[PDB]
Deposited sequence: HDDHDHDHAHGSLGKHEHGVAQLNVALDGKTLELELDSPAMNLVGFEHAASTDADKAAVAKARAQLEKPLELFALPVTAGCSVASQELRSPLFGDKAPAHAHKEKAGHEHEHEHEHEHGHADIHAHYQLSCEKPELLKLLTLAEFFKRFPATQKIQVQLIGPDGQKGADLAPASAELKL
């Protein structure tokens, strides 16, 4: 799907491993999808790329759970419709303390995003949910 204002989040939590795949039209992240001609356009892309480099902050992961970034890919053309793909593998020393997942911070920092669609998979099974700025929590 490429619906402006909607992003997909796949989440896989197995023991100490946390895996996060975000797919999004750029419209909700930089505010356009045209090539980055100008240099008030180039700044807008650098800002986005920077917030996407700090997943512990953007996904508001508890510090209690001792989560570390193992690895991180950010593919996009901007790095005539355009997507942005972000992939993160994370290692958490105390995953028992990963109770909830808030996209509150995400909606804060990319407010042109109206909805995120979450797949979660753990050893417990598969969970699905539309998150909105109102309703932005999911129980793991």
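No C-alpha positions are given in the record for the deposited-sequence stretches 1 to 14, 94 to 118.
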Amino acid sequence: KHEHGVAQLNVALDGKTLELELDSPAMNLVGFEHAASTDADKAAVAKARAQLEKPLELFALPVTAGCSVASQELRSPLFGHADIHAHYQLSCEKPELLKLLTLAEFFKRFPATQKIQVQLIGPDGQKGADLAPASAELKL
From here on, numbers count along this sequence of modelled residues.
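Once the C-alpha B-factors are averaged per stretch, 85 to 93 and 39 to 47 rank with 39 to 47 first. Ranked by Cα temperature factor within the chain, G15 sits in the highest third according to the deposited record. Looking at the C-alpha B-factors along this chain, the one for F79 belongs to the highest third. In the deposited entry, the Cα temperature factor of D23 sits in the middle third of values across the chain's modelled residues. In the PDB entry, a CA B factor belonging to the lowest third of its chain's modelled residues is recorded for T113.
Split the chain's modelled residues into thirds by C-alpha temperature factor. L100 is in the highest one.
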